[PDB]
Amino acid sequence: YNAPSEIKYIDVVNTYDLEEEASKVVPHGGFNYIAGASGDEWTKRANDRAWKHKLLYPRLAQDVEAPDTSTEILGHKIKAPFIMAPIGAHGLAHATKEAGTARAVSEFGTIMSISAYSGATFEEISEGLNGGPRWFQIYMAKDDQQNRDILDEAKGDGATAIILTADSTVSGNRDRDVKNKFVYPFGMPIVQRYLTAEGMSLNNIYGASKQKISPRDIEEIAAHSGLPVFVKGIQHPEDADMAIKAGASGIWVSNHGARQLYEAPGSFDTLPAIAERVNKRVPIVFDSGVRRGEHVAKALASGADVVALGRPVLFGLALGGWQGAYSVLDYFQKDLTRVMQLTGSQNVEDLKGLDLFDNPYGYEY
């Protein structure tokens, strides 16, 4: 597996163009694993086109200058209201793998989410973070003791929150991966105890993780870890009520980048109903489709506290390693700064109160 190895900053004009650029340096199978989604990818398109449903207003004479992008979540002060989404197997994108992404995220000044399906060990990632804050995303074992062990190792590494990804009890129908017969070209050291991953398909990896996740799992992870728990993959408001009742300390609105259930809504369309149900009882992280500063703003305006970034950071990693990934984070901060100035937002809380224009015509207008 010939992963890219260039380390360089990149001049990001927009994040969309990074996809085709990365396609020229990432091996075909791996690239399509990263870029692809379920079915014919209509719901991935829906994640993107959802942003045109609610439109931002420019606002004038707002007495605003030098907008402050910084915010705080679960005690962590971060440079902008976005974090790194949990993504396994960064080694598909770049030889420096999760340690590269970790270096970008910590240097930038936000929170790194570590996937249980990382191709790097806790020690390797921690070397890249150099003290930076991190949250750990568990894919649950069937065996309780193994979940206890993974959680203890995560916390001992320094995790300050646990993310339970519950929308992948089985694999999505990822036609690119089926057609390419994709299999991992390396191991997953954190979950190996219950599988190695090298040569396995993702459907069999998700297959070893727990299918019968219930609200008791949320309660049990919360009690065992003593850390705030996010429940990730929520698209229906009832699950936010369920998660909060079961002791969750945050809601993570996501459709897994459209890699899971097909013929489902664009994730952004689901956010307002979820935020209304949550009603600020706990923090909300939003993901699945964020590509612009305007998207960050619209998410916050619609009830998110922060967003999580995925594919664009991974494409940045492919093209330039840690410096490429950092270039993408920096882009988002600068992009957001512009949008804050033009929308009349002095600070992150102002973003959360913006009026949005309803566009009933959709993408073709």
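We number the residues from 1 along the sequence you see.
According to the PDB entry, the deposited sequence contains 1 to 3 residues between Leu195 and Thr196 that lack coordinates. Two stretches are in play, 93 to 101 and 203 to 211, and the higher mean C-alpha B-factor belongs to 203 to 211. Higher mean CA B-factor, judged across 289 to 297 and 73 to 81 from the recorded values: 73 to 81. Remark: of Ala264, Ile87, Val183, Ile111, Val183 shows the highest value [criterion: C-alpha B-factor in the PDB entry].
Per the PDB record, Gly158 has a higher Cα B-factor than any other of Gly257, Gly250, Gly172, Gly158. For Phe136, the recorded CA temperature factor ranks within the middle third of the chain's modelled residues.
Placement of the Cα temperature factor of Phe230 within the chain: middle third of the modelled residues, per the deposited record. Sort the chain's modelled residues by C-alpha temperature factor and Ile284 lands in the lowest third, per the entry.
Sorting the modelled residues of the chain by their CA temperature factor places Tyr365 in the lowest third. Looking at the C-alpha B-factors along this chain, the one for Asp177 belongs to the middle third.
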